[PDB]
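J.: Structure supplied as structure-v6.pdb; contents: PDB, C-alpha atoms.
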ATOM      1  CA  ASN W   1       7.176  38.074  -9.253  1.00  0.00           C
ATOM      2  CA  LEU W   2       6.728  34.398 -10.124  1.00  0.00           C
ATOM      3  CA  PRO W   3       6.682  34.404 -13.957  1.00  0.00           C
ATOM      4  CA  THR W   4       3.255  34.068 -15.568  1.00  0.00           C
ATOM      5  CA  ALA W   5       2.849  31.483 -18.338  1.00  0.00           C
ATOM      6  CA  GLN W   6       3.522  34.177 -20.947  1.00  0.00           C
ATOM      7  CA  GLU W   7       6.593  35.417 -19.083  1.00  0.00           C
ATOM      8  CA  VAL W   8       7.914  31.860 -18.826  1.00  0.00           C
ATOM      9  CA  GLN W   9       7.636  31.583 -22.608  1.00  0.00           C
ATOM     10  CA  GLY W  10       9.670  34.758 -23.026  1.00  0.00           C
ATOM     11  CA  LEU W  11      12.295  33.837 -20.429  1.00  0.00           C
ATOM     12  CA  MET W  12      12.905  30.351 -21.802  1.00  0.00           C
ATOM     13  CA  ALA W  13      13.073  31.658 -25.368  1.00  0.00           C
ATOM     14  CA  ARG W  14      15.556  34.287 -24.153  1.00  0.00           C
ATOM     15  CA  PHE W  15      17.690  31.497 -22.677  1.00  0.00           C
ATOM     16  CA  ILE W  16      17.919  29.795 -26.071  1.00  0.00           C
ATOM     17  CA  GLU W  17      18.780  33.134 -27.674  1.00  0.00           C
ATOM     18  CA  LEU W  18      21.598  33.628 -25.153  1.00  0.00           C
ATOM     19  CA  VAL W  19      23.000  30.148 -25.796  1.00  0.00           C
ATOM     20  CA  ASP W  20      22.812  30.804 -29.528  1.00  0.00           C
ATOM     21  CA  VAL W  21      24.813  34.042 -29.296  1.00  0.00           C
ATOM     22  CA  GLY W  22      27.039  32.521 -26.620  1.00  0.00           C
ATOM     23  CA  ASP W  23      26.871  35.247 -23.964  1.00  0.00           C
ATOM     24  CA  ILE W  24      28.058  33.317 -20.902  1.00  0.00           C
ATOM     25  CA  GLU W  25      27.613  36.200 -18.458  1.00  0.00           C
ATOM     26  CA  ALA W  26      24.045  36.828 -19.651  1.00  0.00           C
ATOM     27  CA  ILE W  27      23.213  33.116 -19.459  1.00  0.00           C
ATOM     28  CA  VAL W  28      24.592  32.814 -15.934  1.00  0.00           C
ATOM     29  CA  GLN W  29      22.666  35.921 -14.848  1.00  0.00           C
ATOM     30  CA  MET W  30      19.394  34.168 -15.711  1.00  0.00           C
ATOM     31  CA  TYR W  31      20.026  31.597 -12.976  1.00  0.00           C
ATOM     32  CA  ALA W  32      19.392  31.934  -9.250  1.00  0.00           C
ATOM     33  CA  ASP W  33      22.726  32.241  -7.412  1.00  0.00           C
ATOM     34  CA  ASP W  34      22.278  28.731  -5.982  1.00  0.00           C
ATOM     35  CA  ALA W  35      20.454  27.184  -8.950  1.00  0.00           C
ATOM     36  CA  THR W  36      20.886  23.533  -9.899  1.00  0.00           C
ATOM     37  CA  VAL W  37      21.460  22.183 -13.388  1.00  0.00           C
ATOM     38  CA  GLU W  38      21.102  18.553 -14.468  1.00  0.00           C
ATOM     39  CA  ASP W  39      22.369  18.314 -18.032  1.00  0.00           C
ATOM     40  CA  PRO W  40      21.917  15.658 -19.229  1.00  0.00           C
ATOM     41  CA  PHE W  41      19.193  14.653 -16.792  1.00  0.00           C
ATOM     42  CA  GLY W  42      20.386  11.541 -15.002  1.00  0.00           C
ATOM     43  CA  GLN W  43      23.865  12.975 -14.499  1.00  0.00           C
ATOM     44  CA  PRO W  44      24.935  14.465 -11.166  1.00  0.00           C
ATOM     45  CA  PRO W  45      23.626  18.033 -10.678  1.00  0.00           C
ATOM     46  CA  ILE W  46      25.932  21.039 -10.627  1.00  0.00           C
ATOM     47  CA  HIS W  47      25.158  23.838  -8.160  1.00  0.00           C
ATOM     48  CA  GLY W  48      25.690  27.587  -8.046  1.00  0.00           C
ATOM     49  CA  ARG W  49      26.519  30.229 -10.617  1.00  0.00           C
ATOM     50  CA  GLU W  50      30.241  29.470 -10.518  1.00  0.00           C
ATOM     51  CA  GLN W  51      29.734  25.828 -11.494  1.00  0.00           C
ATOM     52  CA  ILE W  52      27.029  26.804 -13.985  1.00  0.00           C
ATOM     53  CA  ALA W  53      29.327  29.426 -15.543  1.00  0.00           C
ATOM     54  CA  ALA W  54      32.196  26.911 -15.823  1.00  0.00           C
ATOM     55  CA  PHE W  55      29.729  24.494 -17.419  1.00  0.00           C
ATOM     56  CA  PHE W  56      28.634  26.963 -20.104  1.00  0.00           C
ATOM     57  CA  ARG W  57      32.092  28.403 -20.718  1.00  0.00           C
ATOM     58  CA  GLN W  58      33.230  24.813 -21.260  1.00  0.00           C
ATOM     59  CA  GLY W  59      30.460  24.175 -23.785  1.00  0.00           C
ATOM     60  CA  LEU W  60      30.417  27.609 -25.416  1.00  0.00           C
ATOM     61  CA  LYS W  61      31.068  27.629 -32.652  1.00  0.00           C
ATOM     62  CA  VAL W  62      27.561  26.833 -31.406  1.00  0.00           C
ATOM     63  CA  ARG W  63      24.035  27.511 -32.658  1.00  0.00           C
ATOM     64  CA  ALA W  64      20.761  26.948 -30.808  1.00  0.00           C
ATOM     65  CA  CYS W  65      17.152  27.309 -31.868  1.00  0.00           C
ATOM     66  CA  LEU W  66      13.703  26.392 -30.616  1.00  0.00           C
ATOM     67  CA  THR W  67      12.165  23.632 -32.747  1.00  0.00           C
ATOM     68  CA  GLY W  68       8.711  24.176 -31.319  1.00  0.00           C
ATOM     69  CA  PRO W  69       6.906  26.577 -28.983  1.00  0.00           C
ATOM     70  CA  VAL W  70       7.754  26.836 -25.308  1.00  0.00           C
ATOM     71  CA  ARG W  71       5.179  24.964 -23.204  1.00  0.00           C
ATOM     72  CA  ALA W  72       4.464  27.043 -20.096  1.00  0.00           C
ATOM     73  CA  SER W  73       2.578  26.363 -16.862  1.00  0.00           C
ATOM     74  CA  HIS W  74       0.894  28.610 -14.309  1.00  0.00           C
ATOM     75  CA  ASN W  75       3.298  27.747 -11.488  1.00  0.00           C
ATOM     76  CA  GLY W  76       6.468  29.313 -12.879  1.00  0.00           C
ATOM     77  CA  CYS W  77       7.609  26.284 -14.878  1.00  0.00           C
ATOM     78  CA  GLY W  78       8.013  25.351 -18.520  1.00  0.00           C
ATOM     79  CA  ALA W  79       9.498  22.935 -21.044  1.00  0.00           C
ATOM     80  CA  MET W  80      10.856  23.609 -24.523  1.00  0.00           C
ATOM     81  CA  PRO W  81      12.175  21.576 -27.480  1.00  0.00           C
ATOM     82  CA  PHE W  82      15.305  22.782 -29.251  1.00  0.00           C
ATOM     83  CA  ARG W  83      18.302  21.857 -31.339  1.00  0.00           C
ATOM     84  CA  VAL W  84      21.937  22.609 -30.663  1.00  0.00           C
ATOM     85  CA  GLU W  85      24.538  22.634 -33.421  1.00  0.00           C
ATOM     86  CA  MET W  86      28.223  22.558 -32.513  1.00  0.00           C
ATOM     87  CA  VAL W  87      31.674  21.474 -33.638  1.00  0.00           C
ATOM     88  CA  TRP W  88      33.719  18.691 -32.073  1.00  0.00           C
ATOM     89  CA  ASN W  89      37.346  18.827 -33.183  1.00  0.00           C
ATOM     90  CA  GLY W  90      36.410  20.410 -36.505  1.00  0.00           C
ATOM     91  CA  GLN W  91      33.479  18.005 -36.880  1.00  0.00           C
ATOM     92  CA  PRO W  92      29.908  19.369 -37.145  1.00  0.00           C
ATOM     93  CA  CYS W  93      27.480  17.901 -34.612  1.00  0.00           C
ATOM     94  CA  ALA W  94      23.802  18.325 -33.729  1.00  0.00           C
ATOM     95  CA  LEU W  95      21.756  17.495 -30.644  1.00  0.00           C
ATOM     96  CA  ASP W  96      17.998  17.422 -29.979  1.00  0.00           C
ATOM     97  CA  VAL W  97      17.146  18.533 -26.439  1.00  0.00           C
ATOM     98  CA  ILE W  98      14.216  19.433 -24.193  1.00  0.00           C
ATOM     99  CA  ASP W  99      14.850  21.743 -21.254  1.00  0.00           C
ATOM    100  CA  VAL W 100      12.492  21.803 -18.287  1.00  0.00           C
ATOM    101  CA  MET W 101      12.828  24.847 -16.035  1.00  0.00           C
ATOM    102  CA  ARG W 102      11.451  26.019 -12.718  1.00  0.00           C
ATOM    103  CA  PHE W 103      11.705  29.754 -12.051  1.00  0.00           C
ATOM    104  CA  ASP W 104      11.701  31.411  -8.635  1.00  0.00           C
ATOM    105  CA  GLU W 105       9.821  34.375  -7.185  1.00  0.00           C
ATOM    106  CA  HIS W 106      12.404  36.696  -8.764  1.00  0.00           C
ATOM    107  CA  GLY W 107      12.109  35.393 -12.316  1.00  0.00           C
ATOM    108  CA  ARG W 108      15.378  33.465 -12.135  1.00  0.00           C
ATOM    109  CA  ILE W 109      15.935  29.834 -13.110  1.00  0.00           C
ATOM    110  CA  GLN W 110      15.874  27.818  -9.879  1.00  0.00           C
ATOM    111  CA  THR W 111      16.287  24.364 -11.429  1.00  0.00           C
ATOM    112  CA  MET W 112      16.891  23.154 -14.975  1.00  0.00           C
ATOM    113  CA  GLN W 113      16.777  19.625 -16.353  1.00  0.00           C
ATOM    114  CA  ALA W 114      17.977  18.934 -19.895  1.00  0.00           C
ATOM    115  CA  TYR W 115      16.675  15.734 -21.436  1.00  0.00           C
ATOM    116  CA  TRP W 116      18.836  14.066 -24.065  1.00  0.00           C
ATOM    117  CA  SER W 117      21.279  11.206 -24.541  1.00  0.00           C
ATOM    118  CA  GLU W 118      23.432   9.811 -27.351  1.00  0.00           C
ATOM    119  CA  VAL W 119      20.278   8.660 -29.162  1.00  0.00           C
ATOM    120  CA  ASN W 120      19.550  12.367 -29.756  1.00  0.00           C
ATOM    121  CA  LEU W 121      23.088  13.126 -30.929  1.00  0.00           C
ATOM    122  CA  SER W 122      24.623  13.265 -34.399  1.00  0.00           C
ATOM    123  CA  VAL W 123      28.392  13.666 -34.683  1.00  0.00           C
TER
ATOM    124  CA  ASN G   1      14.171  -3.983 -16.418  1.00  0.00           C
ATOM    125  CA  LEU G   2      14.576  -0.209 -16.166  1.00  0.00           C
ATOM    126  CA  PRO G   3      14.104   0.968 -19.783  1.00  0.00           C
ATOM    127  CA  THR G   4      17.287   1.858 -21.659  1.00  0.00           C
ATOM    128  CA  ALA G   5      17.371   5.179 -23.526  1.00  0.00           C
ATOM    129  CA  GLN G   6      16.294   3.407 -26.722  1.00  0.00           C
ATOM    130  CA  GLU G   7      13.477   1.587 -24.934  1.00  0.00           C
ATOM    131  CA  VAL G   8      12.280   4.863 -23.416  1.00  0.00           C
ATOM    132  CA  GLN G   9      12.050   6.298 -26.930  1.00  0.00           C
ATOM    133  CA  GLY G  10       9.910   3.363 -28.027  1.00  0.00           C
ATOM    134  CA  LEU G  11       7.680   3.382 -24.943  1.00  0.00           C
ATOM    135  CA  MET G  12       6.965   7.107 -25.079  1.00  0.00           C
ATOM    136  CA  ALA G  13       6.288   6.961 -28.818  1.00  0.00           C
ATOM    137  CA  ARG G  14       3.937   4.032 -28.148  1.00  0.00           C
ATOM    138  CA  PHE G  15       2.082   6.185 -25.609  1.00  0.00           C
ATOM    139  CA  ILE G  16       1.433   8.845 -28.249  1.00  0.00           C
ATOM    140  CA  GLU G  17       0.292   6.145 -30.672  1.00  0.00           C
ATOM    141  CA  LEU G  18      -2.169   4.838 -28.070  1.00  0.00           C
ATOM    142  CA  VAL G  19      -3.571   8.315 -27.413  1.00  0.00           C
ATOM    143  CA  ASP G  20      -3.902   8.846 -31.155  1.00  0.00           C
ATOM    144  CA  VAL G  21      -5.923   5.652 -31.663  1.00  0.00           C
ATOM    145  CA  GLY G  22      -7.734   6.225 -28.374  1.00  0.00           C
ATOM    146  CA  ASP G  23      -7.267   2.818 -26.736  1.00  0.00           C
ATOM    147  CA  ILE G  24      -7.987   3.684 -23.098  1.00  0.00           C
ATOM    148  CA  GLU G  25      -7.278   0.198 -21.745  1.00  0.00           C
ATOM    149  CA  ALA G  26      -3.919   0.045 -23.545  1.00  0.00           C
ATOM    150  CA  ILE G  27      -2.988   3.534 -22.332  1.00  0.00           C
ATOM    151  CA  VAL G  28      -3.871   2.705 -18.733  1.00  0.00           C
ATOM    152  CA  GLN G  29      -1.883  -0.543 -18.929  1.00  0.00           C
ATOM    153  CA  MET G  30       1.279   1.460 -19.644  1.00  0.00           C
ATOM    154  CA  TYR G  31       1.078   3.049 -16.189  1.00  0.00           C
ATOM    155  CA  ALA G  32       2.202   1.593 -12.871  1.00  0.00           C
ATOM    156  CA  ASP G  33      -0.858   0.663 -10.784  1.00  0.00           C
ATOM    157  CA  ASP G  34      -0.146   3.570  -8.416  1.00  0.00           C
ATOM    158  CA  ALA G  35       1.292   5.995 -10.981  1.00  0.00           C
ATOM    159  CA  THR G  36       0.815   9.751 -10.690  1.00  0.00           C
ATOM    160  CA  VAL G  37      -0.196  12.098 -13.482  1.00  0.00           C
ATOM    161  CA  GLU G  38       0.090  15.891 -13.428  1.00  0.00           C
ATOM    162  CA  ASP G  39      -1.641  17.190 -16.539  1.00  0.00           C
ATOM    163  CA  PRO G  40      -1.299  20.094 -16.908  1.00  0.00           C
ATOM    164  CA  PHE G  41       1.750  20.357 -14.671  1.00  0.00           C
ATOM    165  CA  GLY G  42       0.877  22.740 -11.866  1.00  0.00           C
ATOM    166  CA  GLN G  43      -2.531  21.146 -11.364  1.00  0.00           C
ATOM    167  CA  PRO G  44      -3.173  18.678  -8.540  1.00  0.00           C
ATOM    168  CA  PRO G  45      -1.886  15.163  -9.357  1.00  0.00           C
ATOM    169  CA  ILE G  46      -4.228  12.239  -9.925  1.00  0.00           C
ATOM    170  CA  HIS G  47      -3.189   8.833  -8.569  1.00  0.00           C
ATOM    171  CA  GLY G  48      -3.780   5.221  -9.546  1.00  0.00           C
ATOM    172  CA  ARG G  49      -5.006   3.483 -12.668  1.00  0.00           C
ATOM    173  CA  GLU G  50      -8.663   4.095 -11.839  1.00  0.00           C
ATOM    174  CA  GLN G  51      -8.215   7.870 -11.703  1.00  0.00           C
ATOM    175  CA  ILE G  52      -5.893   7.768 -14.715  1.00  0.00           C
ATOM    176  CA  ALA G  53      -8.436   5.706 -16.680  1.00  0.00           C
ATOM    177  CA  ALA G  54     -11.262   8.122 -15.780  1.00  0.00           C
ATOM    178  CA  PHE G  55      -8.982  10.965 -16.872  1.00  0.00           C
ATOM    179  CA  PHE G  56      -8.313   9.469 -20.309  1.00  0.00           C
ATOM    180  CA  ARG G  57     -11.853   8.214 -20.864  1.00  0.00           C
ATOM    181  CA  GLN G  58     -12.976  11.771 -20.114  1.00  0.00           C
ATOM    182  CA  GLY G  59     -10.560  13.216 -22.669  1.00  0.00           C
ATOM    183  CA  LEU G  60     -10.812  10.454 -25.270  1.00  0.00           C
ATOM    184  CA  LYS G  61     -12.435  12.651 -32.002  1.00  0.00           C
ATOM    185  CA  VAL G  62      -8.775  13.100 -31.057  1.00  0.00           C
ATOM    186  CA  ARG G  63      -5.467  12.916 -32.922  1.00  0.00           C
ATOM    187  CA  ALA G  64      -1.962  12.952 -31.448  1.00  0.00           C
ATOM    188  CA  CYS G  65       1.462  13.013 -33.046  1.00  0.00           C
ATOM    189  CA  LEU G  66       5.069  13.572 -32.050  1.00  0.00           C
ATOM    190  CA  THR G  67       6.363  16.888 -33.414  1.00  0.00           C
ATOM    191  CA  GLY G  68       9.966  16.005 -32.704  1.00  0.00           C
ATOM    192  CA  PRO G  69      12.018  13.039 -31.489  1.00  0.00           C
ATOM    193  CA  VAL G  70      11.669  11.642 -27.993  1.00  0.00           C
ATOM    194  CA  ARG G  71      14.544  12.829 -25.783  1.00  0.00           C
ATOM    195  CA  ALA G  72      15.628   9.909 -23.594  1.00  0.00           C
ATOM    196  CA  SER G  73      17.949   9.599 -20.594  1.00  0.00           C
ATOM    197  CA  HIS G  74      19.914   6.711 -19.111  1.00  0.00           C
ATOM    198  CA  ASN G  75      17.933   6.610 -15.863  1.00  0.00           C
ATOM    199  CA  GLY G  76      14.570   5.482 -17.227  1.00  0.00           C
ATOM    200  CA  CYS G  77      13.235   8.955 -18.021  1.00  0.00           C
ATOM    201  CA  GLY G  78      12.362  10.956 -21.109  1.00  0.00           C
ATOM    202  CA  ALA G  79      10.602  14.000 -22.540  1.00  0.00           C
ATOM    203  CA  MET G  80       8.771  14.402 -25.840  1.00  0.00           C
ATOM    204  CA  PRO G  81       7.109  17.219 -27.819  1.00  0.00           C
ATOM    205  CA  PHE G  82       3.743  16.551 -29.436  1.00  0.00           C
ATOM    206  CA  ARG G  83       0.512  18.010 -30.711  1.00  0.00           C
ATOM    207  CA  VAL G  84      -3.014  17.008 -29.815  1.00  0.00           C
ATOM    208  CA  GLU G  85      -5.963  17.779 -32.068  1.00  0.00           C
ATOM    209  CA  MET G  86      -9.490  17.493 -30.691  1.00  0.00           C
ATOM    210  CA  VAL G  87     -13.037  18.796 -30.951  1.00  0.00           C
ATOM    211  CA  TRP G  88     -14.791  20.916 -28.342  1.00  0.00           C
ATOM    212  CA  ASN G  89     -18.537  21.052 -28.939  1.00  0.00           C
ATOM    213  CA  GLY G  90     -18.093  20.590 -32.681  1.00  0.00           C
ATOM    214  CA  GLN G  91     -15.188  23.056 -32.689  1.00  0.00           C
ATOM    215  CA  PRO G  92     -11.716  21.917 -33.842  1.00  0.00           C
ATOM    216  CA  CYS G  93      -8.937  22.584 -31.333  1.00  0.00           C
ATOM    217  CA  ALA G  94      -5.184  21.988 -31.130  1.00  0.00           C
ATOM    218  CA  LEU G  95      -2.722  21.870 -28.245  1.00  0.00           C
ATOM    219  CA  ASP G  96       1.092  21.816 -28.105  1.00  0.00           C
ATOM    220  CA  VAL G  97       2.391  19.685 -25.229  1.00  0.00           C
ATOM    221  CA  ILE G  98       5.578  18.200 -23.787  1.00  0.00           C
ATOM    222  CA  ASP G  99       5.297  15.084 -21.646  1.00  0.00           C
ATOM    223  CA  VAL G 100       8.033  14.162 -19.190  1.00  0.00           C
ATOM    224  CA  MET G 101       7.939  10.566 -17.962  1.00  0.00           C
ATOM    225  CA  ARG G 102       9.726   8.458 -15.386  1.00  0.00           C
ATOM    226  CA  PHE G 103       9.485   4.695 -15.875  1.00  0.00           C
ATOM    227  CA  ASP G 104       9.915   2.066 -13.170  1.00  0.00           C
ATOM    228  CA  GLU G 105      11.910  -1.159 -12.973  1.00  0.00           C
ATOM    229  CA  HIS G 106       9.087  -2.935 -14.826  1.00  0.00           C
ATOM    230  CA  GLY G 107       8.928  -0.595 -17.809  1.00  0.00           C
ATOM    231  CA  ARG G 108       5.755   1.113 -16.602  1.00  0.00           C
ATOM    232  CA  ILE G 109       5.150   4.854 -16.325  1.00  0.00           C
ATOM    233  CA  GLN G 110       5.691   5.777 -12.669  1.00  0.00           C
ATOM    234  CA  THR G 111       5.146   9.531 -13.009  1.00  0.00           C
ATOM    235  CA  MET G 112       4.095  11.762 -15.893  1.00  0.00           C
ATOM    236  CA  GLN G 113       4.097  15.545 -16.118  1.00  0.00           C
ATOM    237  CA  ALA G 114       2.444  17.269 -19.078  1.00  0.00           C
ATOM    238  CA  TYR G 115       3.594  20.816 -19.718  1.00  0.00           C
ATOM    239  CA  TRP G 116       1.134  23.166 -21.387  1.00  0.00           C
ATOM    240  CA  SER G 117      -1.289  25.980 -20.624  1.00  0.00           C
ATOM    241  CA  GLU G 118      -3.772  28.127 -22.549  1.00  0.00           C
ATOM    242  CA  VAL G 119      -0.867  29.848 -24.325  1.00  0.00           C
ATOM    243  CA  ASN G 120      -0.306  26.521 -26.126  1.00  0.00           C
ATOM    244  CA  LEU G 121      -3.986  26.084 -26.986  1.00  0.00           C
ATOM    245  CA  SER G 122      -5.978  26.990 -30.089  1.00  0.00           C
ATOM    246  CA  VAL G 123      -9.759  26.614 -29.971  1.00  0.00           C
TER
END
Once you've parsed the file, please lay out its structure as structure tokens.

T.:
Amino acid sequence: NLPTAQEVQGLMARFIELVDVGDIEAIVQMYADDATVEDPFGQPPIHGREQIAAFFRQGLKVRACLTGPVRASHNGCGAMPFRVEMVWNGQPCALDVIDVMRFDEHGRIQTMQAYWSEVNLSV
Amino acid sequence: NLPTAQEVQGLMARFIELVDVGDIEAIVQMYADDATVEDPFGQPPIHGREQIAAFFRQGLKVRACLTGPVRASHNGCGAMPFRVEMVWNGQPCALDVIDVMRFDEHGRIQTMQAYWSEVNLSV
């Protein structure tokens, strides 16, 4: 069923947990088969689980954690603030991000928009 | 001109500052004359500065502060996490929110979506 506000909080937190551990298959499974991802927002969207899987495999030594509670709505959507820590050619980096997600009637991520730019990056 | 990522950070932070001090006129001036506001997201949108002014006058003993940096994009958009403190019939309340904004070619807020629900509220 369309996720309730409480369920959205759990689903989005789960997403962060999956990125943190780096389970690509589990992350991809959270998305609708034809979901769209805009990360960073403003960039062209990628479509489908294949493109989304390639995207995450490409990006995933990484750590991710919520930096504040997940804000959830009553229409299957939510937004959350988090921090990603990674390594770029042996160099430690950090990025502040906010993901906005819209879930479908099956509890899967239909669309995701990740807000961030170089002003939120530390290399 | 369309706000750069850095300008978006400043504009959105200014918005929070204006809510914190409670300057309704200044807040309203930040919006495009025909801007739309969905607060909380999922609720019907209000349109125009008159409706937006009535909305803020209605809501504004209030304090607001960013709880993390403003995430800004390169296409005039951004998202920010913040906390609002207010009083409901002499009772102190708090609310965690994330505002997503799209600015126009004149640096004004074209659309704003505020994510939050009762799960983010403390009365």

J.: Exactly which residues make up the result of the PyMOL selection byres ((chain G and resi 74) around 8) on this file, given as number ranges by chain?

T.: W: 42, 117; G: 4-5, 72-73, 75-77

J.: Let's have the selection written as a short mmCIF file (atom, residue, chain, number, x, y, z; two decimals), in the coordinates of the input, with C-alpha atoms.

T.:
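Result file follows (out-v2.cif):
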data_model
loop_
_atom_site.label_atom_id
_atom_site.label_comp_id
_atom_site.auth_asym_id
_atom_site.auth_seq_id
_atom_site.Cartn_x
_atom_site.Cartn_y
_atom_site.Cartn_z
CA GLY W 42 20.39 11.54 -15.00
CA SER W 117 21.28 11.21 -24.54
CA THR G 4 17.29 1.86 -21.66
CA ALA G 5 17.37 5.18 -23.53
CA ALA G 72 15.63 9.91 -23.59
CA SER G 73 17.95 9.60 -20.59
CA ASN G 75 17.93 6.61 -15.86
CA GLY G 76 14.57 5.48 -17.23
CA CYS G 77 13.24 8.96 -18.02
#

J.: Run through the PyMOL selection byres ((chain G) within 10 of (chain W)) on the given coordinates and return the selected residues as a ChimeraX atom specification.

T.: /G:5-6,9,40-43,67-82,95-100,114-121

J.: So which one's closest to residue 59 of chain G, G:3, G:90, G:22, G:107? Using only C-alpha atoms, please.

T.: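 When distances to residue 59 of chain G are compared using only C-alpha atoms, the smallest one comes from G:22.
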
J.: Could you list the residues chosen by the PyMOL selection byres ((chain W and resi 14) around 12) in this structure as a list in words?

T.: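 On this input, the PyMOL selection byres ((chain W and resi 14) around 12) captures residues 7, 8, 9, 10, 11, 12, 13, 15, 16, 17, 18, 19, 20, 21, 22, 23, 26, 27, 29, 30, 64, 65, 66, 70, 80 and 109 of chain W.
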
J.: Can you work out which one of W:44, W:87, W:55, W:39 has the shortest atom-to-atom distance to residue 25 of chain W, counting only C-alpha atoms?

T.: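 Of all the options, W:55 lies closest to residue 25 of chain W.
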
J.: Grab the atom CA of residue 53 of chain G to atom CA of residue 24 of chain G distance for me, in Å with one decimal place.

T.: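 About the pair atom CA of residue 53 of chain G and atom CA of residue 24 of chain G: they are 6.7 Å apart.
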